[PDB]
Amino acid sequence: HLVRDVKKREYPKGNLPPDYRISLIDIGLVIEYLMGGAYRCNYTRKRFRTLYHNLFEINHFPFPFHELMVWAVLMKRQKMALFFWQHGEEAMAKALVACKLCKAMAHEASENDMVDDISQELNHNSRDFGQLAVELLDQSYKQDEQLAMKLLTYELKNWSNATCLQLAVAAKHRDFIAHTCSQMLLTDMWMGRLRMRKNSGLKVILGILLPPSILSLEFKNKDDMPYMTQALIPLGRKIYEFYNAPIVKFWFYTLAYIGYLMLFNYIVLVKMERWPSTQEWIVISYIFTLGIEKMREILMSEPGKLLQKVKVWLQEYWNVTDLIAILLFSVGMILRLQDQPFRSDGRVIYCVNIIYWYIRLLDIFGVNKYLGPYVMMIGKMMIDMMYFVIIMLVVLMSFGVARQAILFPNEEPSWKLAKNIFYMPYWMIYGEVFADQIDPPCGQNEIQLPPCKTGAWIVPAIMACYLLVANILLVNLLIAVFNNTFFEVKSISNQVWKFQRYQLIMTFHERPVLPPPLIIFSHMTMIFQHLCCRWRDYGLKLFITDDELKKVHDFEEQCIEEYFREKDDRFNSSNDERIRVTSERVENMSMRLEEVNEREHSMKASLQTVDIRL
Amino acid sequence: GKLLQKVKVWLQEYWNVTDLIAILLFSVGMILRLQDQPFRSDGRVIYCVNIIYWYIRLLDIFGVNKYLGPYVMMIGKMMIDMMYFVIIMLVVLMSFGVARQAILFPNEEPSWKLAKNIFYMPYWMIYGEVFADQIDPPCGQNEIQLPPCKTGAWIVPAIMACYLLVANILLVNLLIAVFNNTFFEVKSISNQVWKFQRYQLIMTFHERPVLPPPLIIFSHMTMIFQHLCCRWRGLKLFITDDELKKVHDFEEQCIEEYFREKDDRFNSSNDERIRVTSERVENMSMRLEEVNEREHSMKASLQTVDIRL
Ligand SMILES: CC(C)CCC[C@@H](C)[C@H]1CC[C@H]2[C@@H]3CC=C4C[C@@H](OC(=O)CCC(=O)O)CC[C@]4(C)[C@H]3CC[C@]12C
Ligand SMILES: CC(C)CCC[C@@H](C)[C@H]1CC[C@H]2[C@@H]3CC=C4C[C@@H](OC(=O)CCC(=O)O)CC[C@]4(C)[C@H]3CC[C@]12C
Ligand SMILES: CC(C)CCC[C@@H](C)[C@H]1CC[C@H]2[C@@H]3CC=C4C[C@@H](OC(=O)CCC(=O)O)CC[C@]4(C)[C@H]3CC[C@]12C
Ligand SMILES: CC(C)CCC[C@@H](C)[C@H]1CC[C@H]2[C@@H]3CC=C4C[C@@H](OC(=O)CCC(=O)O)CC[C@]4(C)[C@H]3CC[C@]12C
Ligand SMILES: CC(C)CCC[C@@H](C)[C@H]1CC[C@H]2[C@@H]3CC=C4C[C@@H](OC(=O)CCC(=O)O)CC[C@]4(C)[C@H]3CC[C@]12C
Ligand SMILES: CC(C)CCC[C@@H](C)[C@H]1CC[C@H]2[C@@H]3CC=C4C[C@@H](OC(=O)CCC(=O)O)CC[C@]4(C)[C@H]3CC[C@]12C
Ligand SMILES: CC(C)CCC[C@@H](C)[C@H]1CC[C@H]2[C@@H]3CC=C4C[C@@H](OC(=O)CCC(=O)O)CC[C@]4(C)[C@H]3CC[C@]12C
Ligand SMILES: CC(C)CCC[C@@H](C)[C@H]1CC[C@H]2[C@@H]3CC=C4C[C@@H](OC(=O)CCC(=O)O)CC[C@]4(C)[C@H]3CC[C@]12C
Ligand SMILES: CC(C)CCC[C@@H](C)[C@H]1CC[C@H]2[C@@H]3CC=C4C[C@@H](OC(=O)CCC(=O)O)CC[C@]4(C)[C@H]3CC[C@]12C
Ligand SMILES: CC(C)CCC[C@@H](C)[C@H]1CC[C@H]2[C@@H]3CC=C4C[C@@H](OC(=O)CCC(=O)O)CC[C@]4(C)[C@H]3CC[C@]12C
Ligand SMILES: CCC1(c2ccccc2)C(=O)NCNC1=O
């Protein structure tokens, strides 16, 4: 099923004839499609294409097990694949790749409507291989924490030059990106080349606001852990390593967002004249220079097809709601630069972006380890709040239509009838019963009150039923929902926060130095450098040597051997297996001891016969 | 011994710190009140600020009772969850307030009352006052000619609706859930911490003077006079050496019985019983195989010797 899809999508054939002898080149194209992204497998590298063309001790694969694992995972031979995982090397890479392969064959088989037993069992094998990765990583963390880092970040040349961090995030395997080893390593990329492991927020902000405070900060050495993408003199390196550190580039974009948001408030509370004010020109700068940055994230993303780059970008929901608000603020500008009333309406459009850009402070707030899980808590409870909104919408419009029609009989077609359905009953949920208009005094002589509309006594009574259902039934049931969905959403949103930290370090490592209002200088540097170097890759890898590659390898088979050894020891000392082994040995006692008694019967009988003959 | 270390140990107790702060502000209020106007009203204002603190302290006063004290520590532990709610609600409140003030009043001038109108109306909106006359005021019509509707003023009831839904229904109920799931943990910790702070309670009131604060100046002058005249001219039991011998022997009895009862629980837990039985049964299998081989040889030798006889 896979080989038909990768050949039909390459050169549109259709159903390939079943006699097709699927080449290792063709297997390589299956591997790239299931992996996704920029993974370009060693089969379809241009050297092995030459080798297959020139052949159909340079025939044996240097590390055969790696190719066997991929062979057994693609053909669903699970017990064979788990034996291949133990016997070998780069096992951390092998388990995380097999976790992504098993998940990728899972949704492909469900898409092709292959039988459900295929899709369930491939998702079971994905959880098995992913669980072996956590239990190997934990065992590496117990022995030597520093060598576990090198295992997590070294450049996996046999797996399209990725690292074990990138492979797990691509596999969305949340527990691997939430273990203590990965989080304290992601902290090390966050602080960058700074060793300021204390009161981190205050010292970095004082470095930004007062640039002389950078010189009093403790910086790590040049060989502690060089996480990098592609491979007076103190004081210049001190400023450069500070103003490239990802935690520095965060708070320097954050004090420019808080500086933007403080400025835009001033232009809309205070009047706007015909031409833009000095404050408003800094605002207009911030939106468009951000729009160039949001454009940059699309073009310099992972895929190659422009539409596939766009599809990667639409996945992040905070990124797409940036560009909608940027285009909305542009529309608000062009109207604002015209004569009123066009200006008045572009004033209004400006104030509606305020509804968005304070809510984007929620995402900036997500960096903190306490407010961050609180924010993802809010998003999950709103799905429960939508069901509250639908049930409330029936009860609100049932009171609203009944009140507007009984109290106001002889009305005419107007859209204000629709407003009066939703106006008064909606504010009754929030503490205002509109007490003067509950039961207005009618049909009496105060002056002379107007005559009572027929059936107006029903309006207090259906008010009573509506306020009981709204405020003591459905709001109270929403409280009961929110408690009993709070625990599991808490446990999920901590681990999802710890998993989306990886996105947060890696994007800010790729964002420019200067803030959004000054990003036009760095953006001109990138455009000029790309054009001039033409005339004349992602992630932070450790890029290790060869003799350290051997050593990091030897650390890892000892972790495979010790993991499997403690698994055999825990099984052979668990109470379940001790009762089993005791019971089976006692069963083999009973045939034995009964045989001893029958033979001692013949021995005592032969002793009696010899006693007769002696 | 050092004065700064004395100050730091004293500054560990937070109530003590806020006491010294409140006494300094009451001193400042006294000085401004014993001057003349326009300073006497300011000293009165400082006095009325200080009564808020001297009323809250009642919670520390109430912290001796077995039921109220842990409740006060519970309130203190849920303040942090409220602080997170405060930040989130502040973001939503400022969004509605800025949108309201900028849309409804479009020709204002630089003034600090803009910041008041940002925060005033949305904040009282959370506590059951929707300010019904100013939700959608009638405009753009004659009934007297009402002033023309500001452009986009229809948005204000809609962002009102969304703000009140995300204020009174979402965040408050989420804080109910947050307080409600963490109540058990905070309860257990607050009872244990209250039982711990009772030591500081007894200790401090053992060392405090007898006369009340309004008459502690007599005990304080007695203390300074006693310190001078005697310079010139915890609660322990101080047991005898015999009783030291008895409490010592009591303590080896408890240490022995502790280790012995631990070894009994280890050698009567189901885990060790199953382990020990399994090891014995393994040795039994080797030995019964040996007895089988030997007695088979013995039966064969008995048959051969019976052939001999
Ligand atoms: C780093 C983060 C935490 C804060 C960065 C933002 C502030 C430094 C900015 C944002 C809003 C700015 C204010 C916006 C508007 C004005 C009015 C402006 O006055 C006028 O335009 C008319 C009178 C005159 O010309 O002085 C004087 C500067 C001031 C106070 C600005 C001072 C600088 C402020 C506080
Ligand atoms: C780049 C932003 C996002 C963050 C950094 C904030 C500051 C660099 C900005 C924010 C507010 C700005 C101020 C806003 C308004 C004014 C008034 C302006 O006054 C005049 O031009 C007076 C004469 C005239 O009216 O033409 C002088 C610049 C100044 C102080 C600006 C200086 C630069 C400030 C402090
Ligand atoms: C003044 C009035 C108009 C109030 C404004 C109401 C809305 C415009 C805001 C208020 C709260 C916001 C929500 C707060 C929390 C979240 C979770 C967050 O989403 C995520 O983190 C993605 C994962 C997830 O949804 O759990 C950002 C979107 C969302 C739904 C926000 C969407 C926009 C909302 C509904
Ligand atoms: C069940 C709950 C969760 C949602 C249902 C409530 C909303 C859909 C309602 C309640 C208040 C309504 C608003 C109340 C008042 C107005 C003003 C109205 O504008 C005018 O009447 C023009 C100005 C004027 O004539 O005074 C336009 C509709 C609107 C925004 C209404 C739109 C629909 C709203 C937001
Ligand atoms: C399942 C639930 C969501 C149903 C809710 C339906 C009502 C909210 C809708 C459906 C039909 C609507 C009516 C359809 C037609 C008209 C005529 C319309 O008249 C005009 O616009 C004036 C015509 C002119 O003079 O040009 C005013 C709104 C009104 C009463 C509408 C008011 C709102 C109504 C009752
Ligand atoms: C289904 C849930 C999740 C969302 C709620 C959707 C509806 C209940 C809202 C969305 C759009 C609203 C409408 C948007 C605009 C108007 C025009 C508005 O017209 C006026 O106020 C005319 C001016 C006047 O004379 O007063 C009357 C309310 C109405 C129909 C609103 C009624 C309530 C609607 C249908
Ligand atoms: C009239 C207006 C100004 C309202 C006043 C509100 C606050 C001044 C009060 C109300 C409840 C008080 C809280 C109630 C409970 C506690 C626990 C208590 O803390 C402890 O006992 C732990 C600290 C220690 O004793 O070492 C005293 C602080 C605190 C947070 C209090 C701090 C002051 C608060 C917030
Ligand atoms: C849960 C969190 C988000 C609450 C945060 C709300 C506060 C930051 C706001 C809400 C109401 C505000 C107050 C509303 C009114 C006033 C009166 C104002 O006094 C004057 O303007 C003096 C002259 C006059 O009274 O007209 C000074 C600011 C103050 C205390 C405001 C200070 C800031 C407050 C306390
Ligand atoms: C980004 C979030 C977290 C905080 C947003 C804070 C705003 C509510 C503050 C910060 C900048 C403030 C402005 C900074 C400068 C001024 C000028 C100031 O003008 C004067 O003081 C002139 C003399 C006078 O009229 O008193 C009036 C307040 C105002 C508009 C401030 C109003 C309130 C603002 C917008
Ligand atoms: C964790 C939470 C509780 C922190 C909340 C901090 C801010 C939201 C508060 C604290 C101090 C407040 C300020 C204290 C005093 C004033 C002066 C006040 O000025 C006036 O009212 C001037 C007189 C007039 O009304 O014209 C306007 C609100 C403002 C800026 C307040 C706005 C809201 C502030 C910044
Ligand atoms: C506009 C907000 C922001 C930002 C700032 C801090 C954290 C996350 C995002 C920015 O200032 N420029 C780059 N991207 C962005 O959207």
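Here the protein sequences come in this chain order: E and V.
Start counting the first sequence at 1; every next residue gets the next number (my numbering).
Start counting the second sequence at 1001; every next residue gets the next number (my numbering).
Don't be surprised by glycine CBs; every beta carbon is placed ideally from N, CA and C.
Which chain B residues sit within Cβ distance under 7 Å of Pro341 (chain E)? Included in the structure are the protein chains E and V, with no chain B among them.
Cβ-heavy atom distance between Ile355 (chain E) and ligand 3 below 7 Å? The answer is yes for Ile355 (chain E).
What residues in its chain sit with their C-beta under 7 Å from that of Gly37 (chain E), if we drop five residues either side in the sequence? Contacts found: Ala170 and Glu302.
Got a sec: does ligand 5 put a non-hydrogen atom nearer than 7 Å to the Cβ of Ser398 (chain E)? Not so, every heavy atom of ligand 5 lies at least 7 Å from the Cβ.
Indicate whether at least one CB of chain E lies closer than 8 Å to the CB of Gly1076 (chain V). For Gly1076 (chain V), the nearest beta carbon of chain E is not closer than 8 Å to its own beta carbon.
Measure the CB-CB distance between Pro246 (chain E) and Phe508 (chain E) and report whether it falls below 8 Å. Closer than 8 Å, so yes.
Can you tell which of E:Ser574, E:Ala133 and E:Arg599 has the C-alpha that lies nearest to the C-alpha of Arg1273 (chain V)? Looking from the CA of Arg1273 (chain V), the closest CA among E:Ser574, E:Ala133 and E:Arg599 belongs to E:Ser574.
When the distance is taken between beta carbons, is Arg347 (chain E) closer than 8 Å to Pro1106 (chain V)? For the pair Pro1106 (chain V) and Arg347 (chain E), the CB atoms are nearer than the 8 Å cut-off.
Would you mind stating whether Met105 (chain E) and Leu24 (chain E) have Cβ atoms separated by less than 8 Å? Taking 8 Å as the Cβ cut-off, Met105 (chain E) and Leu24 (chain E) do not qualify as a contacting pair.
Among E:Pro512, E:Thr609 and E:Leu82, the one whose alpha carbon lies nearest that of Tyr243 (chain E): When only C-alpha atoms are compared, the closest one is E:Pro512.
Note down, in chain order, every chain E residue with its Cβ under 8 Å from the Cβ of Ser1095 (chain V). Residues of chain E passing the Cβ test: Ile354, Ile355, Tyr358 and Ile359.
Please check the pair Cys532 (chain E) and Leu136 (chain E), which I expect to be a contact at CB under 8 Å, by giving their CB distance rounded to whole angstroms. Between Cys532 (chain E) and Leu136 (chain E), the beta carbon gap of about 47 Å keeps them out of contact (Cβ cut-off 8 Å).
Based on DSSP bridge pairs, tell me the residues matched to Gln1200 (chain V). Paired residue(s): none; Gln1200 (chain V) is not in a bridge.
Taking the beta carbon of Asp188 (chain E) as the centre, do at least 16 other beta carbons fall within 10 Å, making it buried, or is it exposed? Buried, since its Cβ has 16 or more Cβ neighbours within 10 Å.
Starting from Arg403 (chain E), trace the alpha helix (DSSP H) in both directions and tell me its first and last residue. That run of the alpha helix (DSSP H) goes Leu371 to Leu407.
Consult DSSP for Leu132 (chain E) and reduce its assignment to one of helix, strand or coil. Three-state DSSP puts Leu132 (chain E) in a helix.
How far does the alpha helix (DSSP H) with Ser1297 (chain V) in it extend, from its first residue to its last? For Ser1297 (chain V), the enclosing alpha helix (DSSP H) stretches over residues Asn1270 to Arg1308.
Output needed in chain order: residues of the segment 549-583 of chain E with a Cβ under 8 Å from some Cβ in chain V. Against chain V - using a Cβ distance shorter than 8 Å - the residues of the segment 549-583 of chain E are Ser573, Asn575, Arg578, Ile579, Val581 and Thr582.
Between the segment 317-326 of chain E and the segment 294-309 of chain E, do at least 3 Cβ pairs fall closer than 8 Å? Three or more beta-carbon pairs separated by less than 8 Å link the segment 317-326 of chain E to the segment 294-309 of chain E, which places the two stretches in contact.
Determine whether the beta carbon atoms of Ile438 (chain E) and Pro460 (chain E) lie at a separation below 8 Å. Cβ distance < 8 Å, so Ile438 (chain E) and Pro460 (chain E) count as in contact.
Any chain V beta carbon closer than 8 Å to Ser344 (chain E): So yes, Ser344 (chain E) belongs to the interface.
Candidates E:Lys76, E:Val489, E:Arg47 and E:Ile612: which alpha carbon is nearest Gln120 (chain E)'s? Relative to the Cα of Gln120 (chain E), the nearest Cα in the group E:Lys76, E:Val489, E:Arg47 and E:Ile612 belongs to E:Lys76.
Chain V contact residues for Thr609 (chain E), given Cβ-Cβ distances below 8 Å: Neighbours of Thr609 (chain E) on chain V, chain order: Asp1306.
Which runs of the beta strand (DSSP E) fall wholly inside the segment 510-563 of chain E and span at least 3 residues, in chain order? Runs found: none.
For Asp175 (chain E), I'd like the list of residues in its chain whose CB is within less than 6 Å of its CB, leaving aside the five on either flank, ordered along the chain. Excluding sequence neighbours, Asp175 (chain E) sits near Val134.
Is the shortest distance between the beta-carbon of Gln1101 (chain V) and the beta-carbons of chain E less than 8 Å? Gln1101 (chain V) belongs to the set of residues whose beta carbon lies under 8 Å from a beta carbon in chain E.
Using a Cβ cut-off of 8 Å (strictly closer), state whether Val395 (chain E) contacts chain V. By this cut-off, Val395 (chain E) is not an interface position.
Is it a yes or a no for the segment 83-94 of chain E touching the segment 158-170 of chain E, going by three-plus beta-carbon pairs under 8 Å? Contact between the segment 83-94 of chain E and the segment 158-170 of chain E is present, because at least three Cβ pairs lie under 8 Å.
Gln1303 (chain V) and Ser606 (chain E): beta carbons closer than 8 Å? Against a cut-off of 8 Å, the Cβ pair of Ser606 (chain E) and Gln1303 (chain V) comes out as a contact.
Check whether the Cβ atoms of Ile1088 (chain V) and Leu1171 (chain V) sit closer than 8 Å, and answer yes or no. Yes, Cβ-Cβ distance for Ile1088 (chain V) and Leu1171 (chain V) is below 8 Å.
Just to make sure I have the definition right: I need the residues of chain V whose C-beta is within less than 9 Å of the C-beta of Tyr370 (chain E). Which are they? Simply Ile1080 and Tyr1084.
Residue from E:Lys271, E:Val367, E:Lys305 and E:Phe48 whose Cα sits closest to the Cα of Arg336 (chain E): Per the Cα distances, E:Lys271.
In terms of residue numbering, what span does the alpha helix (DSSP H) encompassing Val352 (chain E) cover? Boundaries of the alpha helix (DSSP H) around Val352 (chain E): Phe342 to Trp357.
State yes or no: is the C-beta of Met392 (chain E) nearer than 7 Å to some heavy atom of ligand 4? Yes, the beta carbon of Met392 (chain E) sits closer than 7 Å to at least one heavy atom of ligand 4.
Where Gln338 (chain E) falls: helix, strand or coil (DSSP): Correct three-state label for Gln338 (chain E): coil.
If you measure from the CB of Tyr370 (chain E), is any heavy atom of ligand 3 nearer than 7 Å? Distance from the C-beta of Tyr370 (chain E) to the nearest heavy atom of ligand 3 is not below 7 Å.
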